[PDB]
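Peer 1: Handing you a structure now.
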Amino acid sequence: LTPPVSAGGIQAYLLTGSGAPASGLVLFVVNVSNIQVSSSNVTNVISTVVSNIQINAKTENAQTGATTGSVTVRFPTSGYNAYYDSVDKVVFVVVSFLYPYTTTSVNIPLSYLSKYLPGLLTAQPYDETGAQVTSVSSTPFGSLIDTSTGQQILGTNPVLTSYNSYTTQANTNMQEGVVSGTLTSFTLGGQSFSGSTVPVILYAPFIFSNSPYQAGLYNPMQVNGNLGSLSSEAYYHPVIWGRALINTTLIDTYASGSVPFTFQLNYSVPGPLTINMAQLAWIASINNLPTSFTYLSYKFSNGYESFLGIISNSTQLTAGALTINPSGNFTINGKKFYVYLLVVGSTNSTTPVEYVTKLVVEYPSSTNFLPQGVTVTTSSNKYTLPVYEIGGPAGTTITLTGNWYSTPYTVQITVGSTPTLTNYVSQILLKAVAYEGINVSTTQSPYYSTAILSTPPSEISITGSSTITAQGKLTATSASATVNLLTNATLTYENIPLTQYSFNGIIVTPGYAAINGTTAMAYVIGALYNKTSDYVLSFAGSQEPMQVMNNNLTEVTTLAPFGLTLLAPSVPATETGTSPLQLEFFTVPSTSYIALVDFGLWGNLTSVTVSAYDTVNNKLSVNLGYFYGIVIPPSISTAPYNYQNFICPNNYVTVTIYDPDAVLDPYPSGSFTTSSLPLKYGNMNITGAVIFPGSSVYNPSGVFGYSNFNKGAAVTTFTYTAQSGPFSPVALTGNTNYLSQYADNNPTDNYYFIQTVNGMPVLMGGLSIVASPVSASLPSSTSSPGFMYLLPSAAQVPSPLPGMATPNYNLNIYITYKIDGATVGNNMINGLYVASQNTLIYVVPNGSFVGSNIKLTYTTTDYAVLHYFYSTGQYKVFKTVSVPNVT
Amino acid sequence: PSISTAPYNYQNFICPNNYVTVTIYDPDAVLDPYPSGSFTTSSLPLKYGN
Amino acid sequence: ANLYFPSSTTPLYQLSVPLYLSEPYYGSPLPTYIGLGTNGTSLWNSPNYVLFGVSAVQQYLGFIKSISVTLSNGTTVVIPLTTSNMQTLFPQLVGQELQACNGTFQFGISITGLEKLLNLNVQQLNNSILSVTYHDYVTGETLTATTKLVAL
């Protein structure tokens, strides 16, 4: 698996975890598969091997992977310990480094060391004098002999005390002691031995492993790919597909047992993103609004509606017989203003039709011209402002009369027959950041090795940059202004008198019909005109990423308010100013990936930065790994088939299907579940998905990353078991309602994992089978997803992680006629069936034997692969196996 | 005193295990010819001869 | 140092050309990367470097100089540089290097994005002089990578 090993190389494994006997034991192994070792000369060969092995102790930082100081030592030739496993066929030695056992030998149980070397369970590892010992004796660190001195190391050497007090030492002096191993090249048995250990030692800092790796993050099934014309970037370009998993190995040993780990993914795309975005709301003063226009609300994807916000000094709005009551009100410097939120619809409604749960209005300071934000309160002192409806049948006009200070103003809204909404289409700087989590506990310590999703189903916040500018005409007594935000959005401010304010603003939602009216940006810019020494027109604007749930517009969080100033020492003046503007969208997790496709932040273009987080003991990986999203179209590969592979029930047909993108579990005989939780990362908690290894779906509670977090009993337990009746397939058992929280090696149930809404999977990927002349098909409506235990092909030799995954799918097929028409109790045997874990069986009657065939259609288990290769015709691959016309 | 310098590789500047060695000739600055050693002094009426 | 591309005759079966920046004295023991943005600004970031008890921080050690195109009936076409396009054509926060004790930073501009900006064919036909650059504050140099695309 990982770390990779070379021919005759040296590697290490730390003994730690839940149930560890003692912290500080490191097992150094050297591969002795190159020569054969018997029990009559094992002492000699191990003596030579430990004579040729050297152990390096290094000083570094607790955040870096850069060698800062190194010293070498060697095992003694007298009083040392050496062992040899003939089943795992490697020579291994245990060394005690950390507290308590640093210079005192300790006994290592066979059963716990068997976790990192299974072979010790079958054949008892050899020791010196040719005796097979049942327990391992650790070589004390203080007994090692210096290579450059020829003497055993002292008891007061700095690295020894550092190991003996590692916790306090690394905590205080921020110096890190890292061990490693090397094998001086030598020839024995006609074969050479030499190598060095990929850092897999007692505890390296919590970063993504980059040595000697040229990328750091990588996926073995990418290495074993059919790169037709992309052969100039094979190992140069760490690409991943759609929602598939990319492997990482986090070195982290600051805790014992299982360690949750948080991941943050940053997606960027080479292209200025042209976004069409709808106006979820318009907020402006009664004078700032036009006297008359045509408007109709835009219906959203969650029941929300577009509404208008009228701000007036009047206590009410009057439209003749209709009166509008305070939706909300606020006060600045003693002056009171009323904000009324009205939905333009098919009728006038007094009752609250929707709500805003948090909206902050900004205004410049009277004395310092600095932004000040206040939450609008209702007439009953509530921070959830109601939003009503006004309007009627198409063509109806309503004239709302309000007061701006002492001046009456009117606005005439015409109810159009079609939504008369203002839509902004602008080029914007955009990128995305998403969060994920996974509990990792593997027998590869210090490597916590796992695979992370390319796009997890979590709260994905798309961030972005644009510009805001303000132009204004300034006089001695009044000043008018306009502001441009989001690169094409315009707001106006009538001539603002002295010491007076004028409010305007917009709430904008993505115009795509999947996140419209679910996430938004709220900008409320107030303006103040004043004269202290020069005529000053100041603008203060808030920035609120915003979300809709239960028809309530609730604020997720608020950004730093921005401020602009226009100063004029002359009576007539024209002034301008500019500032950056921040765009943010916390998309709903269910649509988050879809939103990532909608904004164009995924495909063959995207590049992904990865950061890790020690969720238990609070470390952030200063290292940021990298990979790239790309889509390779699935292909097919077939060969002529012998009739012998159809006759006897031991000869079958193997079909090779190329589709890297359907892999969502690159580990044979493995499975995992997922659950939504508030994940702790950096200094805040964001909704995310924690992945739990195993086959049980739980219902955790509390705040992830604290003592509040505690996973409860298994809500359901998924088990792949043999099913009675016809044949003997291995199929899933459990509550299918949690297939969206379950993932396996099988790609015919992994589309539930991310793209699932209302209990049904949006995506439909993986293998599919049809069979003729007797029409049979799988997945069938009578079989739940996961009706086989199909395992992906193991990774080959050049892959750094052998036996994980391979884009080639080798499917085993039997085509026959003989057992068709048979009876199993009351069941009839005819058509297509699943057997074993990877076997498909097609049975046809006597009349359908001539030309009986199976057609295999493999579809990507990825949304991007379906989208990007629909035109080329290479997103699904089909092939056929048929009974040959034989003489 | 004299000085002795040689061309320097950029590799001796990149990784924190490769450094630059500069050779300076000055015999006269040695007042303690023993590595990892030190000593102190004090004024006293020393007995010598008679 | 140098800045170049996988090939000078890349066909349109791949729609993303990775920019190779090989800087001798710019790297560190892996990992080490470069944030890019604003003006292709090489925010060289390696918090994984330590030199005797001190961690490393951001070094604003370069920026992509320009992306110019030759169109010469007599005209060396120096492109008027637009900030938004330039930052978004190189938005990658982490360009990791490859070899230890040697800067082999990996960046990249994709063909589909440039074609969508230019409203051209996806992979059918597209060709200009397409000369991107990079300025390194390593020794203060201007490296250039020129490319022309073949239909297929």
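Chain identifiers are assigned as A, B, and so on, following the order in which chains appear in the structure tokens; residues are numbered from 1 within each chain, and ligands are numbered from 1 in order of appearance.
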Compile the residues of chain A that lie within 10 Å of chain B, evaluated using only C-alpha atoms, and express the compilation as a PyMOL selection string.
Peer 2: chain A and resi 60+66-70
Peer 1: May I have the selected residues written with N, CA and C atoms, as a PDB file, in the first residue's frame?
Peer 2:
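Final file, part_37.pdb:
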```
ATOM      1  N   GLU A  60      14.418  19.621  13.221  1.00  0.00           N
ATOM      2  CA  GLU A  60      13.608  20.355  12.258  1.00  0.00           C
ATOM      3  C   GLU A  60      12.598  21.207  13.012  1.00  0.00           C
ATOM      4  N   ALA A  66      11.566  20.308   5.896  1.00  0.00           N
ATOM      5  CA  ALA A  66      12.866  20.713   5.382  1.00  0.00           C
ATOM      6  C   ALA A  66      13.955  20.333   6.373  1.00  0.00           C
ATOM      7  N   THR A  67      14.928  19.558   5.900  1.00  0.00           N
ATOM      8  CA  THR A  67      15.996  19.080   6.766  1.00  0.00           C
ATOM      9  C   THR A  67      16.836  20.243   7.278  1.00  0.00           C
ATOM     10  N   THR A  68      16.908  20.366   8.604  1.00  0.00           N
ATOM     11  CA  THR A  68      17.661  21.436   9.237  1.00  0.00           C
ATOM     12  C   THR A  68      18.934  20.953   9.920  1.00  0.00           C
ATOM     13  N   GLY A  69      18.941  19.749  10.486  1.00  0.00           N
ATOM     14  CA  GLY A  69      20.168  19.164  11.003  1.00  0.00           C
ATOM     15  C   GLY A  69      20.079  17.654  11.081  1.00  0.00           C
ATOM     16  N   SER A  70      21.139  16.937  10.705  1.00  0.00           N
ATOM     17  CA  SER A  70      21.067  15.483  10.622  1.00  0.00           C
ATOM     18  C   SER A  70      22.331  14.849  11.191  1.00  0.00           C
TER      19      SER A  70
END
```
Peer 1: Would you mind listing, as an mmCIF file with C-alpha atoms, in the first residue's frame, all residues of chain C that have at least one atom within 7 Å of chain A, where only C-alpha atoms are what counts?
Peer 2:
```
data_model
loop_
_atom_site.group_PDB
_atom_site.id
_atom_site.type_symbol
_atom_site.label_atom_id
_atom_site.label_comp_id
_atom_site.auth_asym_id
_atom_site.auth_seq_id
_atom_site.Cartn_x
_atom_site.Cartn_y
_atom_site.Cartn_z
ATOM 1 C CA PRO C 6 4.986 20.623 -22.513
ATOM 2 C CA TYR C 13 -7.294 16.710 -27.648
ATOM 3 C CA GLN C 14 -6.210 18.217 -24.331
ATOM 4 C CA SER C 16 -5.208 22.711 -20.725
ATOM 5 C CA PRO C 29 12.524 20.956 0.402
ATOM 6 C CA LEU C 30 8.997 20.013 -0.566
ATOM 7 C CA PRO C 31 6.344 21.257 -0.080
ATOM 8 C CA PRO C 47 5.452 27.659 5.532
ATOM 9 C CA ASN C 48 7.213 24.290 5.327
ATOM 10 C CA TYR C 49 10.695 25.844 5.433
ATOM 11 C CA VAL C 50 12.709 26.257 8.634
ATOM 12 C CA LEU C 51 16.289 27.478 9.083
ATOM 13 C CA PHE C 52 17.400 26.832 12.679
ATOM 14 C CA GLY C 53 14.252 27.555 14.653
ATOM 15 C CA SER C 84 -9.313 40.915 -14.023
ATOM 16 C CA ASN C 85 -8.407 38.717 -16.994
ATOM 17 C CA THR C 88 -8.320 34.951 -13.392
ATOM 18 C CA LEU C 89 -6.115 33.293 -16.014
ATOM 19 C CA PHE C 90 -3.687 32.437 -13.187
ATOM 20 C CA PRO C 91 -5.858 32.087 -10.050
ATOM 21 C CA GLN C 92 -4.067 29.037 -8.652
ATOM 22 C CA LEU C 93 -3.226 29.442 -4.963
ATOM 23 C CA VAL C 94 -0.819 26.484 -4.855
ATOM 24 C CA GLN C 96 3.792 23.051 -5.953
ATOM 25 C CA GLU C 97 7.293 22.242 -7.142
ATOM 26 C CA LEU C 98 8.636 18.792 -7.983
ATOM 27 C CA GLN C 99 12.294 18.283 -7.034
ATOM 28 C CA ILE C 109 -3.640 28.037 -18.347
ATOM 29 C CA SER C 110 -6.416 26.014 -19.957
ATOM 30 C CA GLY C 113 -11.213 29.073 -20.822
ATOM 31 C CA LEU C 114 -9.230 31.195 -23.276
#
```
Peer 1: Hey, which bits of chain C sit within 8 Å of chain B, and for each residue what's the closest pair of atoms and how far apart in Å (one decimal), counting only C-alpha atoms, rows by chain and increasing number, as a tab-separated table?
Peer 2:
```
residue	atom	partner	partner_atom	distance
C:24	CA	B:10	CA	7.5
C:25	CA	B:10	CA	6.0
C:26	CA	B:14	CA	7.2
C:27	CA	B:14	CA	6.4
C:28	CA	B:15	CA	5.5
C:29	CA	B:15	CA	6.1
C:50	CA	B:16	CA	7.2
C:51	CA	B:16	CA	5.7
C:100	CA	B:15	CA	7.9
C:101	CA	B:15	CA	5.5
C:102	CA	B:14	CA	7.4
```
Peer 1: Could you name the residues that touch residue 723 of chain A at 12 Å or less, counting only C-alpha atoms, but leaving out those on the same chain fewer than 6 positions away, as number ranges by chain?
Peer 2: A: 729-733, 783, 787-789, 833-837
Peer 1: Restrict the selected residues to N, CA, C and O atoms and save them as a short mmCIF file (atom, residue, chain, number, x, y, z; two decimals), in the first residue's frame.
Peer 2:
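File written: out.cif
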```cif
data_model
loop_
_atom_site.label_atom_id
_atom_site.label_comp_id
_atom_site.auth_asym_id
_atom_site.auth_seq_id
_atom_site.Cartn_x
_atom_site.Cartn_y
_atom_site.Cartn_z
N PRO A 729 -25.97 -14.63 -4.76
CA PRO A 729 -25.30 -13.33 -4.88
C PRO A 729 -24.98 -12.74 -3.52
O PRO A 729 -25.59 -13.08 -2.50
N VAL A 730 -24.00 -11.85 -3.51
CA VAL A 730 -23.65 -11.07 -2.32
C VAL A 730 -24.25 -9.68 -2.50
O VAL A 730 -23.81 -8.91 -3.36
N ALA A 731 -25.25 -9.36 -1.69
CA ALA A 731 -26.01 -8.13 -1.87
C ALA A 731 -26.12 -7.40 -0.54
O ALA A 731 -25.91 -7.97 0.53
N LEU A 732 -26.46 -6.12 -0.64
CA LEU A 732 -26.56 -5.26 0.53
C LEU A 732 -27.83 -5.54 1.32
O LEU A 732 -28.88 -5.87 0.76
N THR A 733 -27.72 -5.42 2.64
CA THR A 733 -28.85 -5.52 3.55
C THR A 733 -28.79 -4.36 4.53
O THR A 733 -27.73 -4.03 5.07
N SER A 783 -34.57 -5.17 -7.44
CA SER A 783 -33.34 -5.28 -6.67
C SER A 783 -32.90 -3.90 -6.21
O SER A 783 -32.82 -2.96 -7.01
N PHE A 787 -26.67 -4.69 -5.28
CA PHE A 787 -27.06 -6.10 -5.37
C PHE A 787 -25.90 -7.00 -5.80
O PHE A 787 -26.08 -8.22 -5.86
N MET A 788 -24.72 -6.44 -6.08
CA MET A 788 -23.51 -7.24 -6.15
C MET A 788 -22.49 -6.65 -5.19
O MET A 788 -22.70 -5.58 -4.60
N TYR A 789 -21.37 -7.35 -5.04
CA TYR A 789 -20.25 -6.84 -4.26
C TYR A 789 -19.05 -6.64 -5.18
O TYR A 789 -17.93 -7.06 -4.88
N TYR A 833 -28.69 -12.66 -13.81
CA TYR A 833 -28.57 -12.85 -12.37
C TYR A 833 -27.15 -12.52 -11.93
O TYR A 833 -26.21 -12.55 -12.73
N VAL A 834 -27.01 -12.21 -10.65
CA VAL A 834 -25.72 -11.90 -10.04
C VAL A 834 -25.29 -13.08 -9.18
O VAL A 834 -26.11 -13.71 -8.49
N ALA A 835 -24.00 -13.42 -9.24
CA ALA A 835 -23.45 -14.51 -8.45
C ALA A 835 -22.07 -14.13 -7.95
O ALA A 835 -21.34 -13.37 -8.60
N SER A 836 -21.72 -14.69 -6.80
CA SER A 836 -20.45 -14.43 -6.11
C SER A 836 -20.37 -12.92 -5.84
O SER A 836 -21.37 -12.31 -5.45
N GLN A 837 -19.21 -12.31 -6.04
CA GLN A 837 -19.06 -10.86 -5.91
C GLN A 837 -18.88 -10.17 -7.25
O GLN A 837 -19.33 -9.03 -7.41
#
```
Peer 1: Env of residue 617 of chain A: 12 Å cut, atoms = only C-alpha atoms, seq-sep filter 2 positions within chain, self excluded. Answer as a count of residues only.
Peer 2: 21
Peer 1: When you look at residue 145 of chain C with a cut-off of 9 Å (counting only C-alpha atoms), what residues show up, excluding the ones that are within fewer than 2 positions of it in the same chain? I need them as a ChimeraX atom specification.
Peer 2: /C:2-5,19-20,130-134,143,147
Peer 1: Store the residues of this selection in a file with C-alpha atoms, as a PDB file, in the first residue's frame.
Peer 2:
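Output saved as result02.pdb:
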```
ATOM      1  CA  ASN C   2      13.139  29.316 -17.689  1.00  0.00           C
ATOM      2  CA  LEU C   3       9.408  29.215 -18.404  1.00  0.00           C
ATOM      3  CA  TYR C   4       8.046  26.842 -21.030  1.00  0.00           C
ATOM      4  CA  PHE C   5       5.298  24.414 -22.066  1.00  0.00           C
ATOM      5  CA  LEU C  19       3.045  26.264 -17.557  1.00  0.00           C
ATOM      6  CA  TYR C  20       6.416  24.930 -16.368  1.00  0.00           C
ATOM      7  CA  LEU C 130       0.061  33.118 -27.601  1.00  0.00           C
ATOM      8  CA  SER C 131       3.208  34.270 -25.749  1.00  0.00           C
ATOM      9  CA  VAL C 132       2.785  34.197 -21.974  1.00  0.00           C
ATOM     10  CA  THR C 133       5.549  35.382 -19.651  1.00  0.00           C
ATOM     11  CA  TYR C 134       6.661  35.471 -16.028  1.00  0.00           C
ATOM     12  CA  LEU C 143      11.104  34.355 -18.822  1.00  0.00           C
ATOM     13  CA  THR C 147       2.774  28.513 -27.857  1.00  0.00           C
TER      14      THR C 147
END
```
Peer 1: Would you give me, as an MDAnalysis selection string, the residues in chain B that DSSP reads as strand (DSSP E or B)?
Peer 2: chainID B and resid 2:4 23:25
Peer 1: Can I get the selected residues back with N, CA, C and O atoms, as a compact mmCIF listing (two decimals), in the first residue's frame?
Peer 2:
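Printed below is again-v3.txt as written:
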```txt
# COMPACT_ATOMS: atom_id res chain seq x y z
N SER B 2 45.05 37.18 5.52
CA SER B 2 44.69 37.09 4.11
C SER B 2 43.27 36.54 4.01
O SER B 2 42.64 36.21 5.02
N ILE B 3 42.78 36.45 2.78
CA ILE B 3 41.43 35.98 2.52
C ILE B 3 41.47 34.94 1.40
O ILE B 3 42.34 34.98 0.53
N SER B 4 40.54 33.99 1.45
CA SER B 4 40.44 32.98 0.40
C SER B 4 38.97 32.67 0.16
O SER B 4 38.22 32.31 1.08
N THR B 23 36.62 30.79 3.83
CA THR B 23 37.90 30.54 4.47
C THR B 23 38.65 31.85 4.65
O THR B 23 39.03 32.51 3.68
N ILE B 24 38.88 32.22 5.91
CA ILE B 24 39.53 33.47 6.27
C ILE B 24 40.86 33.15 6.94
O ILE B 24 40.91 32.36 7.88
N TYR B 25 41.93 33.77 6.45
CA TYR B 25 43.26 33.55 7.01
C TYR B 25 43.60 34.65 8.00
O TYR B 25 43.77 35.81 7.61
```
Peer 1: What does the structure give for the distance between atom CA of residue 348 of chain A and atom CA of residue 322 of chain A, in Å to one decimal?
Peer 2: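 Pair atom CA of residue 348 of chain A / atom CA of residue 322 of chain A returns 8.5 Å.
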